[PDB]
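Student: this one's sequence-less:
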């Protein structure tokens, strides 16, 4: 149907806007602490702690499969990255600290993306 196509074009445009968001968020992690999944070989107890692991490579795979229907879903995943880290790691750690910086610096990016998503429809 012509409609299914229109819908598809919109998803594809949403995916374009979210790719730009993802890149901007990932620039705010210059140490690449959040770039990849936590290794179960190196942290064999991790899944006892964190039930829904997330990281930027995993978000990127979903994104390129157009698996984010809306910005809420994308933000859910980003918030997992931060929230998982602030639980597993203590306050005095470079990991917790990187999470706090990423959350703070990302807020600005996510503020404007919401406005753009609502504006362009």
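Tutor: Nice, thanks for sending it over. Numbering: from 1, shown residues only.

Student: Could you tell me which residues make contact with residue 40?
Tutor: Contact analysis of residue 40 by C-beta atoms under 8 Å, 6 or more residues apart in numbering lists 46, 47. (C-beta placed from N, C-alpha, C; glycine too.)

Student: Need the three-state assignment for it.
Tutor: coil (DSSP: H, G, I helix; E, B strand; the rest coil).

Student: From the rest of the structure, what touches stretch 4-15?
Tutor: The contact list for stretch 4-15, computed with C-beta under 8 Å, 6+ apart, reads 63, 64, 66, 68, 69, 70, 71, 117, 120, 121.

Student: Quick check: chain neighbours aside, which residue is closest to the fourth one?
Tutor: Okay, so that is residue 68. Distances taken as C-beta to C-beta, 6 or more residues apart in numbering place residue 74 nearest to residue 68, at 4.6 Å, with adjacent residues excluded.

Student: what about that neighbour, helix or strand, and which?
Tutor: Here residue 74 sits within helix 71-88, counting by DSSP states H and E.

Student: Could you list the buried residues of that helix?
Tutor: Neighbour-count burial for helix 71-88 flags 71, 74, 75, 77, 78, 80, 81, 82, 84, 85, 86, 88 (criterion: 16 or more other C-beta atoms under 10 Å).

Student: so how far is it off the chain centroid?
Tutor: Helix 71-88 sits 7 Å away from the centroid of its parent chain (C-alpha atoms, centre = their mean, to the nearest Å).

Student: name the helices or strands packed onto it?
Tutor: With contacts defined as 3 or more C-beta pairs under 8 Å, 6 or more residues apart in numbering; DSSP states H and E, helix 71-88 has these neighbours: helix 2-27, helix 46-49, helix 56-64, helix 94-120.
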